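# Fold and contact review
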Amino acid sequence: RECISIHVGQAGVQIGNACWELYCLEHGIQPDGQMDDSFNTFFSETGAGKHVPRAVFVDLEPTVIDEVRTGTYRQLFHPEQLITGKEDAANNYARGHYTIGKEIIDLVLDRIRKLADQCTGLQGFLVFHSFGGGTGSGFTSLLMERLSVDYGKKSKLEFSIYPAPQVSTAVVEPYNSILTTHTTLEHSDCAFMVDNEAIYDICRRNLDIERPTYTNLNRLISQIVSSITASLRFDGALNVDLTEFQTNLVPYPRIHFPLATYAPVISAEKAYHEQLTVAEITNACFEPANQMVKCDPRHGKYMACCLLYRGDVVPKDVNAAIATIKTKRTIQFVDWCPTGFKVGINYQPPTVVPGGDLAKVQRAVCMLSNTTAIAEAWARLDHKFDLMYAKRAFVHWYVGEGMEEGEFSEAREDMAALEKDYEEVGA
Amino acid sequence: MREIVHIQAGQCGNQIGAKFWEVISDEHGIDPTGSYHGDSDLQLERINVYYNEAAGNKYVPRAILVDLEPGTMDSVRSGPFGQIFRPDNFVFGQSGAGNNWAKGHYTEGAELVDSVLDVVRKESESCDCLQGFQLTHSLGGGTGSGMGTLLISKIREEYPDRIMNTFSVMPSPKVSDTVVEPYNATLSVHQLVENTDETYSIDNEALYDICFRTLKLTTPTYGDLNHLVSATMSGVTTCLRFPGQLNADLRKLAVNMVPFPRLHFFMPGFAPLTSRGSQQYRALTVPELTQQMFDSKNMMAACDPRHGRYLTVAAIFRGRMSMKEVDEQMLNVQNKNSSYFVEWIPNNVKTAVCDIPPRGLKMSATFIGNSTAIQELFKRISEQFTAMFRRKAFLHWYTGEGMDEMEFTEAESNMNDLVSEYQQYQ
Amino acid sequence: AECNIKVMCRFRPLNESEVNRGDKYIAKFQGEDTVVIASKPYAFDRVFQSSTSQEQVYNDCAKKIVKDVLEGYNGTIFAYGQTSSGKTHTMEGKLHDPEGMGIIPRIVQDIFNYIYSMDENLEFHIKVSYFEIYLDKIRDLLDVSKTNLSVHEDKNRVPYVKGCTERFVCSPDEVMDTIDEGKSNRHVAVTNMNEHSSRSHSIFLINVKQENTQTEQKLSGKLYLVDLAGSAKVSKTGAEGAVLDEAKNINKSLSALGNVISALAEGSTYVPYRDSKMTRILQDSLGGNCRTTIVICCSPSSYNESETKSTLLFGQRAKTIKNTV
Ligand SMILES: Nc1nc2c(ncn2[C@@H]2O[C@H](COP(=O)(O)CP(=O)(O)OP(=O)(O)O)[C@@H](O)[C@H]2O)c(=O)[nH]1
Ligand SMILES: Nc1nc2c(ncn2[C@@H]2O[C@H](COP(=O)(O)OP(=O)(O)OP(=O)(O)O)[C@@H](O)[C@H]2O)c(=O)[nH]1
Ligand SMILES: Nc1ncnc2c1ncn2[C@@H]1O[C@H](COP(=O)(O)OP(=O)(O)OP(=O)(O)O)[C@@H](O)[C@H]1O
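Residues numbered from 1 in each chain as written, not as in the entry; some residues may be left out. Chains lettered and ligands numbered in written order. Part of a larger assembly, values for the part shown. Heavy atoms only, no water.

- In the nomenclature of the PDB entry, chain C is known as Kinesin-1 heavy chain of Homo sapiens.

- Looking at the PDB entry, one finds chain A named Tubulin alpha-1C chain and attributed to Mus musculus.
- Reading the Cofactor entry of the UniProt record for chain A gives the comment "Mg(2+)". (UniProt positions renumbered as here; feature names shortened; annotations may be inferred.)

Next comes the structure, spelled out in structure tokens:
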């Protein structure tokens, strides 16, 4: 029972650097590389008294790889695993997918293949990236296409960062997203999306961080992606493996776009004053402003929901919690799945980083929910894409790489088909 | 790893380039001789991007200086950081251009281009992977406007895939220190618009207005203006020079800033800029920095941005700061001034950040803007060129080097096409 | 004073690479004016089927264009479409075969026949040039020494090329020999989608000057025959290496042409011909005193249906444009 966690782009490598410290603190692994089965999923055992993680950080520019090498987690990671390119993607899907990718995918595929051959209990892969930029779109699509053609049946967990409605970091983000999603629709088994302004607001209103940073944003994301696999890592009363996220949450082979959220989020002084029980966290996770994506769930319906709890929590109280949540009529479930709840529990409680913003909580829950609220976000993305497409804005960079307007039109009509499928299944 | 080739042409070009080398050497902690005495390992981590390693722990810059008189070379060699430059790179002729584009592009340019081409080829071969060619020149005068344009054309022919970046100073009607300056500008813009990928348009009167308004200096010389432009020249190149939470190289900012190949004439800016006596009475927080970035008077161009509309802008910050504050500041900036941003783009703003600010400042930023307001500065130079050209004034010197009036007519048509292109998207 | 730019559409037979894969012939013809693809009508001036011969296509396309360009106006004939659409087979064809020869030798033969039929008093002077685009540089195919050419504005600010070997011709045999030499000097590459893939836009210009000794009347005409490359899909082609660098220039040129066409269709103020030199050369063609003709080639296979639709709607945008003739 293992799974390999690969990272692409500045967002991916920063999330990896922010999360592997949490993993090593959870498993008791010091940064030097030394202190039975709990760490076997993400860390190997190299000879005697030494570990190495099952991960690769790949990026075209070297500005992230050299600082990762010269940081503080130097002796923990393999020196050769940190793959570095030679040229900048420059927020260009075509440049990240075609010119610069082709000279390093030959090494990357061989490296993942040889490090997977020694493994035997690999359940799947999880890829960290961001379609809002160039590297995390182009190189991710390039690798996932030739990984799906080779393995195919093995599971792939996509973790992407998407732009806010009113805020955007780049200017070619809708072009990058609409281009890469045309390939992500068929090869990605399931893809969790995160919005920047939602995760800025979640630490503003609750955690009381007036001036947060990307490290503070990535800490709770690392907590989420560690809590989903905490069931595999540690024993539980009702364990859920990685195949549950494929089987239960993907009712159709192309409708595989769930939203994500977490609870409780609380500062140190507020933790001692607020009580921790299942009821308030269950009410807060379904709260619309508490989600990690700026979408209104009230406008749509929940197609499916998997609750994963951590800490000393009995089954009875969570059963009562989901019962009263079902009787609550503020939310609305679709008629095609009345039994739309999948509850699971792990005994190992959440951990806290020394000096981190998060506080010690006796119990926690992560809520990945499949719903139709993302249809509005996709329609918004297509609407803002069409305004620039009509004027042919930022098209000369793409066509000067090797592409044309044909695959732009195919991306547009594929997004239209996605909207058609979502409005059809939401009826 | 992503090395940069530096080339300097003309009097003002080599002056601002020397100041750029001085300030970045001070930031990296490089002695005037060439030895390293820095405190942070990050300075040495990316010293190879500009400086070549030499014996005795010495570092020599990858700089090319080319001038059509020995006086500029003597001055920059006698400057504070003149000895650090390579003696081999001091290529120069004997006779000056005399403020003639034709002499710089045909007669002496042809004689010196073969001398500089192998030198830039050797410097390109020395590094592992050239990223782009950064150049500094002046549309005014003959030397820069001819020789830098010819050098750009030959390097574009030799490397049609690499980035071509230029920090070009251009004239103004209120301050014009040359009689042949509209002619030189009209001839040089025809070559700049077709060959160069990126272009930062700088105006002297804009820097003078800056030094009057916010610096409040009593005796502003060219040294202050060199330090002013060197700040933005370092701000654009900080992303590849140091790590950052959201890095944006030259190609990364170019892809966001260049929506079409011709509309690549930017409007650089930098802040904070304040007097030494008024530093205590200012809060350096990011909202008061961001308002100064988008202030109309703070830009380094004489054009009024409120009279036009921004095609796209980019803000590269330096120093530890909150990404939420940067995001919400850019949000309210693009929202409250929606009339001054084009509606046919959802987000006209790019953001980047570096984690190591300049010495002596805790936070800083640079603004790079492409807007329709540059059409004013283009059309005033265009009509100034036309008024002199319509009676064939100041052309008997140009005809001596085999230059024809059809070339001037083609340049005028190119200027008309460029200003109409900028007027189309307004 | 005002004349619509004439648009023609052609569908070709299915190729060996398409029939063996099992591509369906989705092209459906409803008369000559309109063509239907998946219940989507598209109206043009004349639609040609797979069975239409080279002579039939030439007589329908460029028969009266010879009269128009000889009268005093300008003529520009050029092709558009995707890869493996048949642009080379339409325009170049088989030079040795009288039946399989394309449009360009037939045009020269018609010009010479008209000159022979016309009386001897009207003196003619024909001069040809042949060049192409590679690495964003204009290569003159008639001389190997030159690697880049410049485009300069004439007296009335019409752009045209300079420095090319303007070969003054008198008989058709030397014209055909020069065309064969240019074709031999043309660079071609082998790909999965096409063997003799034309990886560059080839321009063939014929300046015909004429003067009447009796009336002392002079007339000049620039005849452009431009065979453009097809928009190559990277997934379908499997392009890697120098073919990618060729595709960069090809896609830049066709994207600039499409931007010009969209600007002219929507009625933009500036009409950016300056996006590329390939767009600058056709300034007089698209917005001058020229009676332009454009042919779009479409593959009837279901595999290339998306780019077929893109070419059809591109022709629809191009049809509404009017020139200032
Ligand atoms: N901001 C600065 N501007 C300068 C400086 N020196 C000159 N200039 C301005 O640039 C204008 C023309 O630039 P140059 O001095 O380089 C004339 P150039 O050397 O290219 O030709 P020749 O000297 O005739 O060989 C000039 O009229 C000034 O307005 C300077 O040191 N700093
Ligand atoms: N939430 C979050 N998003 C991030 C973080 N870092 C980067 N991003 C997002 O990533 C997007 C761009 O991704 P990339 O393509 O990898 O950008 P890059 O690494 O600089 O690549 P180049 O500019 O081409 O060199 C930006 O728009 C950001 O919104 C982060 O730390 N947290
Ligand atoms: N209309 C047609 N009728 C018969 N055969 C054709 C036709 N079009 C193409 N072919 C066949 O296809 C072969 C190659 O096609 P061709 O070179 O014309 O393609 P193309 O689409 O013009 O190419 P490119 O995109 O490289 O310019 C020709 O030799 C001929 O065998």
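Picking up where we left off.
### Notes on the site of ligand 3
All names here are of chain C.
- Surveying the vicinity of ligand 3 reveals 19 residues, the closest of which are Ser-85, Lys-87, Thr-88, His-89 and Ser-198.
- A distance of 2.7 Å separates an oxygen atom of ligand 3 from a polar atom in the backbone of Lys-87.
- Note that an oxygen atom of ligand 3 is positioned 3.5 Å from one of the side-chain N or O atoms of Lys-94.
- Looking at the shell around ligand 3, the elements with two or more residues in it are α4 (87-91) and β14 (197-198).
- When residues of the shell around ligand 3 are assigned to their parent elements, the largest contribution, 3 residues, is made by α4. (Near = heavy atom within 4 Å. Polar contact = N/O pair within 3.5 Å; in protein donor to acceptor, adjacent residues only side chain to side chain. Helix = DSSP H or I, 4+ residues; strand = E, 2+ residues; numbered from the N terminus.)

### Structural notes on the UniProt feature "active site" in chain A
All names here are of chain A.
- Those residues carrying the UniProt feature "active site" are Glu-244 in this numbering.
- With respect to the element layout, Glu-244 can be found in helix α10 (residues 242-247).
- On the basis of relative accessible area, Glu-244 is assigned to the partly exposed category, the value being 22%.
- Residue contacts for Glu-244: discarding those within four places in its chain leaves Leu-249 and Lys-342. (Buried < 20%, exposed > 50% of the residue type's maximum accessible area, 1.4 Å probe, protein only. Contact = heavy atoms within 4.5 Å.)

### Focus: the interface of chain A and chain C
- If you look at the interface, chain A gives 14 residues, while chain C gives 17 residues.
- Between the two partners, chain A and chain C, sit 0 salt bridges.
- Viewed at the interface, chain C and chain A are joined by 3 residue pairs in polar contact.
- Counting only elements with at least two residues in the side of chain A that touches chain C, the list comes to α3 (93-99) and α15 (396-399) of chain A. (Salt bridge = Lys/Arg side-chain N within 4 Å of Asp/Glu carboxyl O.)

### Let's talk about the interface of chain A and chain B
- Contacts between the two partners involve 43 residues from chain A and, on the opposite side, 43 residues from chain B.
- Summed over both partners, the interface of chain A with chain B buries about 4,000 Å², with 57% contributed by carbon and sulfur atoms.
- For the interface between chain A and chain B, the tally reads 3 salt bridges.
- For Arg-46 of chain B, the salt bridge is made with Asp-66 of chain A, and the minimal N-O distance between the two is 2.9 Å.
- Between the two partners, chain A and chain B, sit 16 residue pairs in polar contact.
- Elements with a minimum of two residues in the side of chain A that touches chain B: α1 (9-27), α2 (63-69), α7 (196-205), α8 (214-228), α14 (374-390) and α15 of chain A. (Buried area = accessible area lost by both parts, 1.4 Å probe.)

### Topic: the site of ligand 1
All names here are of chain B.
- Taken together, 14 residues are adjacent to ligand 1, and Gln-11, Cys-12, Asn-99, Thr-143 and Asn-204 come closest.
- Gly-144 has a polar backbone atom sitting 3.2 Å from an oxygen atom of ligand 1.
- In the model, an oxygen atom of ligand 1 is placed 3.0 Å from a nitrogen or oxygen of the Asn-204 side chain.
- Contributions of two or more residues to the shell around ligand 1 are made by α1 (11-28), α5 (143-158) and α8 (222-241).
- For the shell around ligand 1, the element with the most residues is α8, which contributes 3 residues.
- Here the residues of the shell around ligand 1 sort into 3 nonpolar, 9 polar and 2 charged. (Nonpolar A, V, L, I, M, F, W, Y, C, P; charged D, E, K, R; others polar.)

### Focus on the packing of α7 of chain A against helix α11 (residues 323-336) of chain B
- Between α7 of chain A and α11 of chain B, whose axes approach to 11 Å, the crossing angle comes to 120°. Classed by the angle they form, the pair α7 of chain A and α11 of chain B counts as oblique. Like other packed secondary-structure pairs, α7 of chain A and α11 of chain B cross with a definite hand, here left-handed. Of α11 of chain B, the residues touching α7 of chain A (which contributes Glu-197, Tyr-200 and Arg-204 of chain A) are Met-323, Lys-324, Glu-325 and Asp-327 of chain B.
- Of the residues that constitute the contact of α7 of chain A with α11 of chain B, the class distribution is 2 nonpolar, no polar and 5 charged. (Axes fitted to C-alpha atoms, helices over the stretch in contact; angles between N-to-C directions. Parallel < 35°, antiparallel > 145°, perpendicular 65-115°, else oblique. Left-handed = near helix turned anticlockwise from the far one by under 90°.)

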